[PDB]
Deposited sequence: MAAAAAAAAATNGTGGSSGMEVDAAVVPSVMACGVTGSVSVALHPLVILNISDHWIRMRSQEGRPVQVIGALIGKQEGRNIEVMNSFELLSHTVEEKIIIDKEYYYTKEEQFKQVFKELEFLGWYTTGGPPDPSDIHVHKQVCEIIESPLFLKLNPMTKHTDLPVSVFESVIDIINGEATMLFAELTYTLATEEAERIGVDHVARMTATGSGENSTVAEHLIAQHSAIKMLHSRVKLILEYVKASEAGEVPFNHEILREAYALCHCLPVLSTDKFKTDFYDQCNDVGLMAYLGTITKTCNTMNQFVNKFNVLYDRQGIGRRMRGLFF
């Protein structure tokens, strides 16, 4: 088992691929592509993606390996430290055809990942689903199966700024404390709903879930976050660095204003 960190750029790649093909052929079609990134120890990080050429022969999709290798050399020219991590497609639950394509991809690398997107979905969470291939001996036969992996959204500051810019699609203090405001609103809504569920379980309106309340108590125990003395020293270090920067900037601003006043004074009173 591995831990996967997924970059939103990959999701945008897949969504744009699907949108382009659906608009080009009129009807929504299934798109197939590659996922690349970095594997360090047990931690996989998927950070980019490119489209893959596939041909449907009879009733089976075959991945054009020569095109894959030319594109592999191409992305090796630009991304020198990125490796082929797996493949992606679009649809619902993994189909038997996905097993065939995954077996084909396994001829490229040992343990590929499998990403699946659901552009036509009804639930309220991200339709991205990640799987890994396992081989099971059932009734004396080696069959491929998909084991779902739990992924987190990898954070890069530039990526976060870009995602916020493309998601929001719009004084400096006000513009700054609107990105803070939205995240605090989401946190407040989630914590408030958890509190309402706990209060409902206490007085009694929902079945008593031992696991949910145990996680709620653990979450309560997680506060305060890192209230150690070294943290306080570091926090006040940062506060005092910013305070000194503010003091110096204020001194510069006052010097500029004093210069303007001195110029006006010399002009008015003849000196």
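Annotation: deposited residues 1 to 37, 208 to 214, 316 to 327 are not represented by C-alpha coordinates in the model.
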